[PDB]
Structure formats: C-alpha cells, structure tokens
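Structure record follows, encoded as structure tokens.
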Amino acid sequence: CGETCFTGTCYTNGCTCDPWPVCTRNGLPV
C-alpha cells in the first residue's frame, strides 16, 4: 500500500491495518 495506519485505520481504500502501523493491499504490504 505504501501507506501507514498508526491509528489502526488506513487512509487509502483497498488496504487494511494488518501489519501495523502499515496497510495491506489484498493481504500484501504494497
């Protein structure tokens, strides 16, 4: 994703705060 989710929330869609503080796009930290 490239984005970070220190708040446990992604700012960009298609990503989830799985590997905090980083977002996972389709299960990948891209």
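All residue names refer to the structure tokens as shown: chains lettered A, B, ... in order, residues numbered from 1 in each chain, ligands numbered from 1 in order.
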Residue neighbourhood residue 23 (chain A), 8 Å, only C-alpha atoms, exclusion window fewer than 5 positions, as a ChimeraX atom specification = /A:1-5,10,15-18,29-30
